[PDB]
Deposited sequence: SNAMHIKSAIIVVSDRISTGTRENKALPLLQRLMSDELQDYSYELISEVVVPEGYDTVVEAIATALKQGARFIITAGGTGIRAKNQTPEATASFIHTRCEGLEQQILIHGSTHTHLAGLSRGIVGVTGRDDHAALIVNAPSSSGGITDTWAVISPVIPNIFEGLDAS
């Protein structure tokens, strides 16, 4: 089971190059042993339009697992959750809750874009490495179950 995957790092400073993209190599380590096939990775500035464009592009390219890092706080430009919600068919609020139980200002969501074997799972992680590892700890074990359900 190859899961076509995309990473979207959301950060003004990484986008311009004045800050290191630590999320990408960390996510690649967490993904490396089903299997994840990384078809796309990008860095975008903060905002609604930039995140929407990145998600819609990854979905068009066939990604079925999209993980974002960053843009989940309360600043005006922190619009990752809002951008993400525009694509969601069904939220996985239990998983959001577990991420919080396992790990307050992150508004990151988790959800799927449909209910069938074309649907994608989108997960918003925080910018921090610790926040990414806590998100991953909750999502990783349930990935097989999500795709088995969508693909039934």
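Gaps between the deposited sequence and the modelled coordinates occur at 1-3, 37-40, 111-117, 167, listed in sequence order.
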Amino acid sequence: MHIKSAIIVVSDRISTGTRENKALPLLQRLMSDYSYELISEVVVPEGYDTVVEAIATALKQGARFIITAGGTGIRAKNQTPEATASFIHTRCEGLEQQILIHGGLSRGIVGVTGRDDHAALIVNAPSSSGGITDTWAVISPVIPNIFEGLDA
From here on, numbers count along this sequence of modelled residues.
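For the two regions 37-45 and 80-88, the entry's Cα B-factors average higher over 37-45. If you average the C-alpha B-factors over 13-21 and over 139-147, the higher value belongs to 13-21. Of the candidates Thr113, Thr57, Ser106, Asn124, the deposited coordinates give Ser106 the top C-alpha B factor. Ranked by Cα temperature factor within the chain, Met31 sits in the highest third according to the deposited record.
Sort the modelled residues of the chain by CA B factor and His118 lands in the middle third. Per the PDB record, residue ranking by Cα B-factor puts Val51 in the lowest third of the chain. Per the PDB record, residue ranking by Cα B-factor puts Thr68 in the lowest third of the chain.
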